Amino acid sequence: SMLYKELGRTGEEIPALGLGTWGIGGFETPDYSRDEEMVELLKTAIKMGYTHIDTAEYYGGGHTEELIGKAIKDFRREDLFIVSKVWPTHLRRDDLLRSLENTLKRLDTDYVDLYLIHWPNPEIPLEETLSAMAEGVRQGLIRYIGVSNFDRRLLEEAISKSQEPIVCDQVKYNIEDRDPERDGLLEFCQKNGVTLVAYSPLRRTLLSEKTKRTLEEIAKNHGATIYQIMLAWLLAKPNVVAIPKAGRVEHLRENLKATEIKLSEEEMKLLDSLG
């Protein structure tokens, strides 16, 4: 079953595995050809306990949110934690509020639980963007705000310009990609009450031979796959949650079992040393 962790300093616990939705209903453009299959996969994921759903206005050109919108109707809205994101072309005040409105129309819901700046746009003042996001919070359209792909220095800047708390920073983090460690970002999050949300937590399964030999030994000792070990490694870290993409039932099932793996201190030190 699903491991839960506190989001930021909110007093609220969320599933420590999110459901990644990139690819569902298309990538950069809408793909309508598998809509029924995709809605059924989303429903199955949610029923298995994947109630934290990660999406974005860019995903499937808006169509990913539309498919999520159909799938969530089989459940109680308040039981779900839905994350969306505004694309860097839309970070000026009027464009952001329009993006938010359109995201809510596609999801067919009255609010998102978490709304993220998807990527920074250096041309648009952060204070403007964050003030627009606070308008959404004040109106009840957003519960919490956060950011994505912000290094430590830009997260610090956002925190200083934001009326609302920044509850998370969603960045790439996995057994080979250690930019958040080298940047001091993970330490900063852990010391300042910010959740680090690791996307591409399996590195899209593209790993080196050296990494693979270490993971194989640990996996064997736990009767697990190398990917379950990669997830357990992230989830062992304070303030870290992960968003795998699992477009099939086998991977949904496997990744959920990873939340039960208890890595030893020496296993953690060996894994830490692979980057």
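A residue's number is simply how far along the shown sequence it sits, counting from 1.
Here 258-266 and 18-26 are compared by their mean Cα B-factor, and 258-266 comes out higher. The PDB entry reports B-factors from which the mean C-alpha value can be compared for 226-234 and 243-251; the larger average falls on 243-251. When the C-alpha B-factors of 151, 113, 108, 94 are read from the PDB record, the largest value belongs to 94. Ranking 143, 118, 90, 161 by the C-alpha B-factor listed in the PDB entry places 161 at the top. When the CA B factors of the chain's modelled residues are split into thirds, the value for residue 66 lands in the middle one.
Residue-level temperature factors show residue 213 in the highest third of its chain, judged at the C-alpha atom. When the modelled residues of the chain are ordered by their C-alpha B factor, residue 169 lands in the lowest third. Sort the modelled residues of the chain by CA B factor and residue 138 lands in the middle third. Among all modelled residues in this chain, the alpha-carbon of residue 39 has a temperature factor (C-alpha) in the highest third.
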